[PDB]
């Protein structure tokens, strides 16, 4: 009866059709049929992204691709735990309120000017996003933005107070592209290609550094009348209490180890997934130091995403084992050799940047990274480039809401028009396809 129940039934039909009708060696048919099936379910979101994630192994197993345990093992991948460590680290500084104090301390640095208020609102949203989340950083910033944009209250004077709402909802998404914790895609890239925390920062941070000015410049150079206004610093001020200095201390130590993971680990006897251990060491320090309880981390942790990661890793392995990765590489062989590597990464960059407007950031990365990385490997090229690219571009959701929760959060502010966001995003999208294809060309040799 429901829309989504039909999409599912239509998909079951599609699979059954592809399964019986495709003219290839059995394994490839199965792999293709599965790929299409999952592809739909994550794009349409007829079933919750995570339910789909769980579906991958159960299928794999039933269609004899893997044994039950072999398939589930995917879910305990070390990056998944690294991300859990990220969730715990966030949970700590939110419950501690260290996110609030970094907001006030930097926001009250601006004396009483709306000019240097919003520019410091974007700079904080981005810096906080690096470690916390997007969905979380946005919902946490909304009250702080509405507080400031209440002096220039005139909402007949909209474009003063739309530049700042849409400003943070992008700064949350751009701040995610900074480190391996922050947004899902980055994790799925790292898990697929085997990146360290300090590896994904070498890519992402430059890109975030580049993109945030480029994004504000585009919002600015539409309709900004914000060089005017005054402040209302209205609420109780903040102060470092029982180890908000300790949470920062652990955080600092954790981030330190993460950056210097390469020499620290090497000069420690080279432990296997060192970053994940650092992330668990975080969980342990944070608990021994009593600074955050567990019930907090259980609420903060998005187990749905943690599960999703594994569902997609499983998929990747389904593609390899069935030889679907190699079959597609053969199929694309003529096309990709006729295309330049510029052409390819331009097409890839464009495809996602717009496909991410329709669908969930992760859901698409969980779909695309496996297909692309594994096919790239069949061609005997380094799957890293394409993967990192997909992961970044997936977080380039700037057009409509429903693209990312940060978009839908500043939108529910019953003010910003559908039409408005759609065309700033349309510019920013293209702006990015440039910047990415540009940077992706520079990170080659």
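Numbering follows the first chain given and starts at 1.
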query	finding
237-245 or 83-91, whichever carries the higher mean Cα B-factor	237-245
Higher-B stretch (mean Cα B-factor, as the entry records it), 347-355 or 166-174	166-174
Residue, from 363, 373, 266, 283, that the PDB entry assigns the highest Cα B-factor	266
Which of 120, 278, 195, 306 ranks first by CA B-factor in the deposited coordinates	120
Third assignment of residue 115 from its chain's C-alpha B-factors	highest
Chain-wide C-alpha B factor ranking for residue 299, given as lowest, middle or highest third	middle
Where the record places residue 320 (Cα B-factor, split into thirds across the chain)	lowest
Cα B factor band for residue 69 (lowest, middle or highest third within the chain)	lowest
Third of the chain's Cα B-factor distribution that residue 252 belongs to, per the entry	middle
